[PDB]
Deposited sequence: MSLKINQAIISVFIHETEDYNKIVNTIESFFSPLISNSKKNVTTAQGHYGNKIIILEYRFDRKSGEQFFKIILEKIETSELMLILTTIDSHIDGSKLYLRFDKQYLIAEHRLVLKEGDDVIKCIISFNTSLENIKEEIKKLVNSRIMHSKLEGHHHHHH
């Protein structure tokens, strides 16, 4: 139905390192997505960067799929085992450190993460990752 990647990058962070990591890790599907970069700031030179990637339906399912084929079973179960749902969209917040330092998807808490939001039009949702979690095992 649709998928979105969203990350807030700070001054102290290596913006390029993150971009390359993300565009590579999700390569080459992410090459077909709409990329957005925006910069916000306060009144005292405090800049935040908002990096986004939109996936249309065509690449939506394929984006979820690639996340499923990359995430370790441990973290996957940790998902099913779960509060990451609002409406029909699933919010998966990944650890920035782990992805750029070890190309590894490790769930993390909060908004200071690489956020992946998937939108379903079926709700039900569980059974599929379960069959996969179950399958992998």
* Sequence ranges absent from the coordinates, based on the deposited chain and numbered from 1 -> 1-5, 88-89, 131-132, 147-159
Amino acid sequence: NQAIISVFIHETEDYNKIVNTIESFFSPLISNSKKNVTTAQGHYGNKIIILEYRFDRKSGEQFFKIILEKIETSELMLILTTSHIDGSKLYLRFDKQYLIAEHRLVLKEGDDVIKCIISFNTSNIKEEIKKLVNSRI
From here on, numbers count along this sequence of modelled residues.
* **84-92 or 34-42, whichever carries the higher mean Cα B-factor** => 84-92
* Asked: Comparing 43-51 with 62-70, where is the mean C-alpha B-factor higher?
  -> 62-70
* Asked: Which is it among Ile9, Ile22, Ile117, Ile129: the one with the largest CA B-factor in the entry?
  -> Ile129
